[PDB]
Amino acid sequence: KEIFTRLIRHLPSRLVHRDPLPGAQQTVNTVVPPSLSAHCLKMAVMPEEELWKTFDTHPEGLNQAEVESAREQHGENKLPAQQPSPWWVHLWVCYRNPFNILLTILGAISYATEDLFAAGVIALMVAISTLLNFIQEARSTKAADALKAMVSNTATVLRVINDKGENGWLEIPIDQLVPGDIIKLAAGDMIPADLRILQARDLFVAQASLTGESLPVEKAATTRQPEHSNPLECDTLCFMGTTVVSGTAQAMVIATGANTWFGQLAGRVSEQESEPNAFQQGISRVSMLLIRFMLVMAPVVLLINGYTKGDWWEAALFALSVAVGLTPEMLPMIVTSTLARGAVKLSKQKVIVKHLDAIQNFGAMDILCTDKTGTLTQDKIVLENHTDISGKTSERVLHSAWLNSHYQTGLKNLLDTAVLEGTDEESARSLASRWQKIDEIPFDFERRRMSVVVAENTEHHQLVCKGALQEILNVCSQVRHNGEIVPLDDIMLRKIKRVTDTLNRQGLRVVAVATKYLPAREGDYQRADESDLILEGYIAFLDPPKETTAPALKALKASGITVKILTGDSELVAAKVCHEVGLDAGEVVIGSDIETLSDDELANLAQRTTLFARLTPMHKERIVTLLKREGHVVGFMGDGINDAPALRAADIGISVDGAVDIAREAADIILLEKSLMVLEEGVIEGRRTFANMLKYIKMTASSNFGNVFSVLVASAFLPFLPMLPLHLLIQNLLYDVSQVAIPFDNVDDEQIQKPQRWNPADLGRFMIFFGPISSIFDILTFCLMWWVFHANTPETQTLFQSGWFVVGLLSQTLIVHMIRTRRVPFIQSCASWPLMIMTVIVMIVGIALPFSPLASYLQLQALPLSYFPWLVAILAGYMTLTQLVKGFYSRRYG
Amino acid sequence: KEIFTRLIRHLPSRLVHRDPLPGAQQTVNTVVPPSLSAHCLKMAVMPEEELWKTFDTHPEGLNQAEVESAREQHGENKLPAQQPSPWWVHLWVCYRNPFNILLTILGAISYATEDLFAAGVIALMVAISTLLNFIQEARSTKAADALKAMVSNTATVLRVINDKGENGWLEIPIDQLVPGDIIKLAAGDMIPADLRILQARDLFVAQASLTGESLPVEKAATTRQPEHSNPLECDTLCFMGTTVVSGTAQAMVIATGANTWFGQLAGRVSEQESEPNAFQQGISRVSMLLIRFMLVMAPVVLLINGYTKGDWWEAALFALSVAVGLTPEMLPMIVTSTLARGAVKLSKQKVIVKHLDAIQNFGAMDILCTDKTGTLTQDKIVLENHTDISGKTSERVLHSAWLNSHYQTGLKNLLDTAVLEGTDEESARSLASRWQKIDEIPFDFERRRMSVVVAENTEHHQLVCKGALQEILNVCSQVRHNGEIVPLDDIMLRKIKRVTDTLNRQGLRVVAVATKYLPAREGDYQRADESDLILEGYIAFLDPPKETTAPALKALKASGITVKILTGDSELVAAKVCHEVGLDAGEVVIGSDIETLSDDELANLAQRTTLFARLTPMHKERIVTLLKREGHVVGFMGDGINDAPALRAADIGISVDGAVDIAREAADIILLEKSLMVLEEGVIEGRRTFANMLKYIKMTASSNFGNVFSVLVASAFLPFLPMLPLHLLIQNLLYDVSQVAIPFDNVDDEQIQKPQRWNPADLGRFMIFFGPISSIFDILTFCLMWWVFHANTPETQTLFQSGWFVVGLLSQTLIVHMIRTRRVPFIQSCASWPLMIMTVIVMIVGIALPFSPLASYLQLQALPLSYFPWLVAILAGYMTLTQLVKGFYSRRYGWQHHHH
Ligand SMILES: [Mg+2]
Ligand SMILES: [Mg+2]
Ligand SMILES: [Mg+2]
Ligand SMILES: [Mg+2]
Ligand SMILES: [Mg+2]
Ligand SMILES: [Mg+2]
């Protein structure tokens, strides 16, 4: 009957669940629909002269009023699942709960005849509960949205600043982009919307997400392709979700938001998120458990009281009032508030959480995959030697590397920075004023080199390519030895291999450089122009390991996290780095060994292997996917161009604020600095946050089930309701006010010591265990008020009901300090000061409520002074019994 | 009347002032106490057999009852200035101050005759104030003592771990040593007490502090020299305050505490600590200022009220009651409570403060002198190339270095660790089995080498020495080139020099290794045996800069601290490291350059020089001393054997928890980890603590001066006391209770952005400026109570006095939020939550006291409800006026004294 249970209010699918991330592979629904492919094809070949009039765009850019007009016309650069609802809509959906409406209707029906100010006060209590829930949810979702917007991909636009009318280059969030807006693209920038290249040089974009081709594709300002016949392959348009590999460009936004190629009929807008993740499934399962409890218990109470006291319209109200404590509507408030408090406290620790549910995984992660550069090493190399094949230092190698590092337009490397810094000013200036760039062949993993074609004159050009030693040697036919040029024979090949292996075993990364002279040519150089090269030498450099890497790794191992290194570098350098930081590399697995293994074989091998070397991005993604095989939660750390699938293939993806745009787009956690200590501290605090959330749900559900059980067992014998439903609503409201400060509780270090596994079925066991314990003392209080205080007849019922009230509210508020931890309270474990203060305040308010002037309005009678010793005895006995009985639940259940 | 000043109570000279360190050297105030000297000469040559009976010591050690017996008989291993006084003595000295005594005496005199229960309650208020002060001082002194005991030099002793009699080797604090205790000594351990060596293995100790000789000397189990004639030069006794350079030993304690040669006569006991440091001088100046204010003001109030009301025994009591607000007895409570709260907080930042006054220096530091190794770079090296002179990798060089590193007993080095770890297990065990140790020639700065003599047989011995390249080359005559021993000509010398200079310019430190073969002999090896050596090669290793050194240096510069590098390494490696970490080396000055310079020349040069290289410890000490030339507070950070003179020479000395014993003993601050980020954060926190202390002192002084001024100007016109002195005592007590939370206040980041400078004369200007400003409103309240509320006669004086009381306490309590910060409160700068809570609580108590049942007992009368709007108006006007007037004080003099 789950199809009929629509009482659950799901959290918005931006606080939980991931973003679409337009990387949903090559599969497309009928390859886009008509009037979209045709529109893109028309836009590709549309002359640039009439392009300005179509979008009301000018070369100066867009001013304010124009950008707001365009945003109103075309919407906002977002997806329909990212716009928050208005606060009044949220308040209305919080009030239209199928339980609040029923409570108000039953209050009216019971008290429409000859007794007002009762239905009104019940409705007012319902409104106060709704307002409290709405306030918590709204504050927490606002904080979550602010934290998500803190780390957002930005685009560089013209716009208008200096209202006297001066252009500029503003970095604005990609959601503010409107159609017909001018942006500029450099290396590492993801495409923010469907573009139209106005003017570009050496612009290469990686489109493996959309067209499925790994090699980057050159994108020119004006089309040079004979026929298009396809919108995805035209060289003048750039689609959202792809990254810029190298070169520079300036383009115009043509589509925006849902109108983008991916955002319409190519993903995102195709159906919805039919499959929920682990966190959503767990929340739904807990909500279903609570609904089952209510639907099994409340009708029984209704039937019993209707058969006994013959007031059905009041018995139903009373049963609903006791059931409301077990409502599922507590779940959105609890989850949102606790996870948002955890996310804010993480943001104070240089950890930004993009969606709330990731916190669960960030506490459940037991395997952490990453690269050795930046996380284990310092990413800045200290020592570097530019030598030829004979070991002697050579200035020609340094100058060739300087050319290749200066005229390249790709992302800045550590070698590129060190080469540009280690070259003196005079020689650098001479080379810059003597050589000029012509062409650039970017970096791809099929050949693992990078080429730059420069020239000092108009007669001949020089192609200078640098890359890993083996890849360079594969395409070198001559070597410059002793100032002469000699064929690269096998003897020199093996000598170079041995010397470079010896260097690699010292932790020195070796990058070879080759140059070739070609006649002047008026055509674009291709990857086929990297043959018969002249090997100048190599550069050996040391990226030293961080001082805070070994303690961080030890702390991560203490927390239960297994660290695995997925690197594309050499096996020897990675092994040396792992040994220098205390990591046990064991036997290494290179990427060429897993290309023949089956999925089962590689999944079994990756569990024992610690270091994986010479991996392509596909290998990293496959390893991350197969490491989730045995119920493990895998976290992948990466900040590269090609880390988009792996970051998404992991159970949790972690990136850095200084990453490329797609790495931040595909990540779930963003670290403000690339450190493992920050990651470990964040994992600890997220474990505390998720433990607090579980504790809050657990205690609330258990106490409310105890109250419902007490009502169910001890209402048939009484000739009146044990507690008036108004008193129940006040009790629940004050308990919720007390519980507001549970997100701020303290968590034992023994609870967050190991990765957290969340079983929603444990809540049922906890409720069953800790409900009857409260019910026993509830029945004891009933007997005390029946016999000791002689509240026998209905006429003197207000003494009885109020007599339970101060017991119902106080114990429910005190039991929190007993069942929160697993140890003995107040000596080995103490609740946080905000929780202590809230408990004391709520206890004081509950004690003083029967004595307050409002007690006459709330149908509460004052209490004789002889009742307080009995109340203290009951509370102390309840606390002692639960403290002595916790051990049985600990042993038999957990 | 400087001699007449017995009112000032100084803090114990352990929270402030540095403990005596045994660096006296050429200092022999008492020269030689013959009685003491005769004892050593007898102890040195006394046979080991009868040594056990003299000190009641057994070879297995001492059990419990014996160790407490020896401690009771011989005292504890401490100096007389380090024993805390018992708590009851502290309470008595807190109660017997000449102001708590005169107050009670005058209360008895005034209220004995037919007006009892008034002198009693006055004495009760005085006792409550005394108890509050004593509790604060005792708690903070206990916290400071615990912090000092956290980082204390320890000694390894036998003792008795088990009830059955099993012996152990316990690390006990050096103060727990009793005479006749058996300890063991290794490299880097300082001598904790006078010792008699029971057994030794190549034990070399540095006695440069006592005898003034830099070269370490050999200590043997039995004497090997013909005549001693001098207790300090006997080769079988070790004296406290010296360090063990190398070797191992087991010795017996023969003297302890004051009885130690250093402790008695030669040092410490002679004379006393006549000269105080800067913090003690500032505290004394503040106390003298407060005493002068009281002595100027209180007699005038006494005379005025005696001539007006004709009750001298009440007028003097009243004047004393208003004056007590300006007592110096708050200074021990103010200083101890505020600083300790900072120090404890610093203990949570891995910064342990050994004595409280160091905090003032630690926030006032503007020049920081450190070494490049450990602070700027990691102490673990990543790359190393063991090659010969031709550049080819050589296994023989690595094996010789492994022998030298394995068989040396000195302090472990980074190169030693790298060489021990970089040799494979099979070859390492083969070398260990094949070679056995014979002798060791330790490291000293005159030659800057270290040698180990081993042997594979009984025919010949091999001497393996290692050290800096030039020092090894000076004593090398041949070189092993291409497997042949060839004479080391000048061409090879120049080639090696240029190759190693190229290596050094890359940040690589080069350590040369030489070996020699000698015929077997029986005598010990000397420094003259390092000649005609054979240079095997050198080891070039990379010590990478720390990841966090550049941000820490940027933060240190942003905080106003100028970092200077004093290193004994080569100038090329140090310059490369400085460039890597972002520091500007500028022009490097080597140690040999400054030897011929004068004091003025070197002092002028050190101010514009960032990196000093090739420095002997004497050069480091001289540079640190001369860097204090013009109002500069110098901090020296070192963790070496020879860094004690440089640590004690600086205005503040910072060391590391893992340092050698003498480095920790000579330091003022101990960092739990060797990091510059920790140092910068601790400096910021100490600046906050000192700002809070100064703030605490200036506010209590200004408000109480304002109250005294109001009384002086007003009480002449009135026909009765403006406030009963009982109410004044209550007001002062409640204000102190409110101010208890000041140590926990917040400090603006503007007050901690520069090295602080403390001027005791600024307090007088602050008091003069901010007293009348609150006397204005006291006179306004007097007029309000006189005319609006018709308290015109003594019969209704109780309404008048209480009318001032609520104004007196709340304003004094509220004004704190106005004058704690230079900015406008509650919008830019807000007080800390404990301070706000205490302010609210004290205001509530002051309002509710006249309405309480105790009001009749305290001679307080209930206030009409029409008085509250006037009170609120007065408080708001006072706050607004002081806020609008703070600007004038800021412009004319500046809110704080700062800059370098
Ligand atoms: Mg960008
Ligand atoms: Mg091109
Ligand atoms: Mg209950
Ligand atoms: Mg020791
Ligand atoms: Mg010897
Ligand atoms: Mg005043």
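We count from 1, first residue shown onward.
The way this entry was determined, per its header, is electron microscopy, 3.0 Å.
Just so you know, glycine gets a Cβ as well, placed from its N, Cα and C.
In this structure, A:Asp371 (active site, 4-aspartylphosphate intermediate) belongs to neither helix nor strand by DSSP; it is coil. For A:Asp371, the entry in Swiss-Prot reads active site, 4-aspartylphosphate intermediate.
For A:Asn732 (Mg(2+) binding site), the same-chain residues lying six or more positions away in sequence with a CB closer than 8 A to its CB are A:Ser129, A:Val324, A:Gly325, A:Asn704. Annotation source Swiss-Prot lists Mg(2+) binding site at A:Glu329, A:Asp639, A:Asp643, A:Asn707, A:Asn732, A:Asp736.
Here Swiss-Prot flags A:136-285 (among others) as topological domain 'Cytoplasmic'.
Under 8 Å from some Cβ of the topological domain 'Extracellular' (A:307-315) lie the Cβ atoms of residues 106, 109-110, 301, 715-716, 719-721, all in the same chain and six or more residues away from its ends. Here Swiss-Prot flags A:307-315 (among others) as topological domain 'Extracellular'.
What Swiss-Prot records for A:334-693 (among others) is topological domain 'Cytoplasmic'.
DSSP places the residues of the topological domain 'Extracellular' (A:714-722) in helix, strand and coil in these numbers: 0 helix, 0 strand, 9 coil. Taken from Swiss-Prot, the feature topological domain 'Extracellular' applies to A:714-722 (among others).
Residues 282, 285-286, 289, 337-338, 341-342, 360, 363-366, 559-561, 633, 684, 687-698, 701, 820-823, 829-832, 834-835, 893-894 of the same chain lie 6 or more positions beyond the ends of the topological domain 'Cytoplasmic' (A:743-764) yet place their CB under 8 Å from a CB of it. If you look up Swiss-Prot, you'll see A:743-764 (among others) marked as topological domain 'Cytoplasmic'.
Residues annotated as topological domain 'Extracellular' in Swiss-Prot, with sequence analysis given as evidence: A:789-797 (among others). Note on the topological domain 'Extracellular' (A:789-797): residues 719-721, 803, 864, 867 of its chain, located 6 or more positions outside it, place their CB under 8 angstroms from a CB of the stretch.
Among the features that Swiss-Prot reports, topological domain 'Cytoplasmic' is placed at A:817-829 (among others), with the record citing sequence analysis.
Here the topological domain 'Extracellular' (A:850-864) has Cβ contacts under 8 Å with residues 117, 121, 724, 726-727, 730, 789, 798-799, 801-803, 805-806 of the same chain, all six or more residues outside its ends. Under the heading topological domain 'Extracellular', Swiss-Prot lists A:850-864 (among others), citing sequence analysis as support.
According to Swiss-Prot, the transmembrane segment annotation covers A:93-113 (among others). Same-chain residues lying 6 or more positions outside the transmembrane segment (A:93-113) and placing a CB less than 8 Å from one of its CB atoms are 6-7, 9, 85, 119, 122-123, 126-127, 129-130, 133-134, 137, 313-314, 316-317, 320-321, 323-324, 327, 329, 729.
Taken from Swiss-Prot, the feature transmembrane segment covers A:115-135 (among others), and the record attributes it to sequence analysis.
Counting same-chain residues at least six beyond the ends of the transmembrane segment (A:286-306), those with a Cβ under 8 angstroms from any Cβ of the stretch are 2, 5, 7-8, 312, 314-316, 318-320, 322-323, 326-328, 331, 697, 701, 705, 708-709, 711-712, 715-716, 721, 760-761, 763-764, 767. The transmembrane segment annotation in Swiss-Prot covers A:286-306 (among others) and is backed by sequence analysis.
Here Swiss-Prot flags A:316-333 (among others) as transmembrane segment, drawing on sequence analysis.
Listed by sequence, the residues of this chain that lie at least six past the ends of the transmembrane segment (A:694-713) yet keep a Cβ under 8 A from its Cβ atoms are 286, 290, 293, 297-298, 300-301, 304, 318, 322-323, 325-326, 330-331, 334, 338, 722-723, 728, 732, 735, 739, 742-743, 745, 747, 758, 763, 766-775, 778-779, 808, 812, 815-816, 819-820. For A:694-713 (among others), the entry in Swiss-Prot reads transmembrane segment.
The transmembrane segment annotation in Swiss-Prot covers A:723-742 (among others) and rests on sequence analysis.
In this structure the alpha carbons, written CA, of A:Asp371 (active site, 4-aspartylphosphate intermediate) and A:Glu329 (Mg(2+) binding site) are 43 Å apart. Taking a C-beta cut-off of under 8 angstroms and a sequence separation of 6 or more, A:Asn707 (Mg(2+) binding site) has the following same-chain neighbours: A:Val322, A:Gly325, A:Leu728, A:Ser774, A:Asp778, A:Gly808, A:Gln812. Of the candidate ranges A:316-333, A:723-742, A:830-849, A:865-884, A:865-884 has the most C-beta pairs within less than 8 angstroms of the transmembrane segment (A:765-788). A Cβ distance under 8 Å defines the sequence-distant neighbours of the transmembrane segment (A:316-333), meaning residues of its chain 6+ beyond its ends; these are 7-9, 11, 94, 97, 99, 102-103, 106-107, 109-110, 133, 136-137, 283, 286-287, 290-291, 293-294, 297-299, 301-302, 305-306, 697, 700-701, 703-705, 707-708, 711, 721, 725, 728-729, 732.
In this structure, of the recorded positions A:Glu329, A:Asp371, A:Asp736, the smallest number of CB atoms within 10 A of the CB marks A:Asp736. Non-local neighbours of the transmembrane segment (A:115-135) in the same chain are 90-91, 94-95, 97, 100, 103-104, 107-108, 329-330, 332-333, 725-726, 729-730, 732-733, 736-737, 740, 857-858; each lies 6+ residues outside the stretch with a CB under 8 Å from one of its CB atoms. By number of Cβ pairs under 8 Å, the transmembrane segment (A:798-816) is matched best by A:723-742 from the list A:723-742, A:830-849, A:865-884. Remote same-chain residues near the topological domain 'Cytoplasmic' (A:817-829) are listed as 695, 698-699, 702, 745-746, 748, 750-751, 770, 835, 839, 879, 882-883, 886, 890 (criterion: CB distance under 8 Å, separation of at least six residues from the stretch ends). Counting same-chain residues at least six beyond the ends of the topological domain 'Extracellular' (A:714-722), those with a Cβ under 8 angstroms from any Cβ of the stretch are 301, 304-305, 308-309, 314, 318, 775, 778-779, 782, 786, 793-794, 797, 800-801, 804. For ligand 3, the binding-site residues lying close by, meaning a CB under 6 A from one of its atoms, are A:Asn707; the full candidate list was A:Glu329, A:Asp643, A:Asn707, A:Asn732. Under 6 Å, Cβ to nearest atom of ligand 1: this is the test, and of the binding-site residues A:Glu329, A:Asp639, A:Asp643, A:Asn732, A:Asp736 it is passed by none. Within the same chain, the residues at least 6 positions away from A:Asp639 (Mg(2+) binding site) whose Cβ sits under 8 Å from its Cβ are A:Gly374, A:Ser655, A:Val656, A:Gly658, A:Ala659, A:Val660, A:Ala663, A:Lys674, listed in sequence order. DSSP assigns A:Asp639 (Mg(2+) binding site) to coil in the three-state reduction, outside any helix or strand.
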